[PDB]
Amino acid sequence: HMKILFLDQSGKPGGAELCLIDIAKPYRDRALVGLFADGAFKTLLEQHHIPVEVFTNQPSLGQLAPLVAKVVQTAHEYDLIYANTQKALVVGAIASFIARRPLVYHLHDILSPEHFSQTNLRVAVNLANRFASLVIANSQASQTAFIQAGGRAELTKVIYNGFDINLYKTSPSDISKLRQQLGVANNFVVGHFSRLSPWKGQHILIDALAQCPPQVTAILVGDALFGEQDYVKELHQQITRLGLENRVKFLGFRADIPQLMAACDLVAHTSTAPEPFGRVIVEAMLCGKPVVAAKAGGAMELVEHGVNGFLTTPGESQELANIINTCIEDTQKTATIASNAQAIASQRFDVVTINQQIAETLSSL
């Protein structure tokens, strides 16, 4: 009976947008996702039969502020506004006071003065504080940065991203055949699953690969973000510099991530800036793979070092080489760790459990 108006600024399927697919699904017969840009995320939502619409600035409030006005008027036939990004929060907060509907802010970013303008930090935080009935944080790191930026602590609740655990299971044979098709059957494959961007640190994996035995190869899965083509150029040159051209594959964007992860021997998350929540980390754990992650942000809540994956100082390529080598030398311990990771991640990040937490939290408003 509760109808939700979800709002997301981006027309591109980023992590938060992908998360929103899962959040919205149980509500598809009683929800709408309003976007502020068209794009492939719109396609996806349509694929999932999640009602979706694009809200633009195209022409009393109607003329003063078209976007806000459209949101306000849509909000009238909904019971709650669920804002999924920063700009959606700003617009959602205004819409909430005008349309007289409760607001939920789902926080997916680390609200950091280094990646957000102090302008937007103050505005986002103050709007949340005064108008959000609840701020869902995707991790404790996201939670504390919100608080540190002046966010009200008592408004927050941590709810992790949820995953359909059975999608991450692949047979040994499918693994073998895919590895052959990738020509890595006799390699130690380290997989990196991220859009190519400097803060994702693919260059760190490349430097580590320089200090690894020759059987170690890398697969970079993900396409280049608009404006990062300098970075992608730096990588190719970095690689050629190091003679690694035949030991690194750029697969570009891939939708078959679980299968590709299953073909790897280790999954590496090498971000140089604190990660709010690494989806790829949890995905790798669900695939039953050893995982190594930079020791900042949400990654520290996802992995316990030595138990269900490995943590390394961000930007330190040698430390990453050492974990890679330890995985190569300590076969048994590594398999155990990887098995632990599948069990713990299934318990913690099952979409069924996450959807229950979301439902409970929403109903308690």
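Don't overthink the numbering: it's just position in the shown sequence, from 1.
For residue 60, the record comparison shows coordinates absent in at least a third of the other entries of this protein that model its neighbours.
Unmodelled stretch separating residue 306 from residue 307: none (count of deposited-sequence residues without coordinates).
Per-stretch averaging of Cα B factors for 209-217 and 102-110 places 209-217 on top.
In this crystal structure, the stretch out of 191-199 and 226-234 whose C-alpha atoms carry the higher mean B factor is 226-234.
Ranking 168, 116, 131, 160 by Cα temperature factor from the entry places 116 first.
Taking the PDB entry at face value, the top CA B factor among 37, 335, 31, 321 belongs to 37. In the deposited entry, the Cα temperature factor of residue 146 sits in the bottom third of values across the chain's modelled residues. Among all modelled residues in this chain, the alpha-carbon of residue 173 has a temperature factor (C-alpha) in the highest third.
Sort the chain's modelled residues by C-alpha temperature factor and residue 71 lands in the middle third, per the entry. Annotation for residue 248: CA B-factor lies in the highest third of the chain's modelled residues.
The entry lists a Cα temperature factor for residue 186 that places it in the highest third of the chain's modelled residues.
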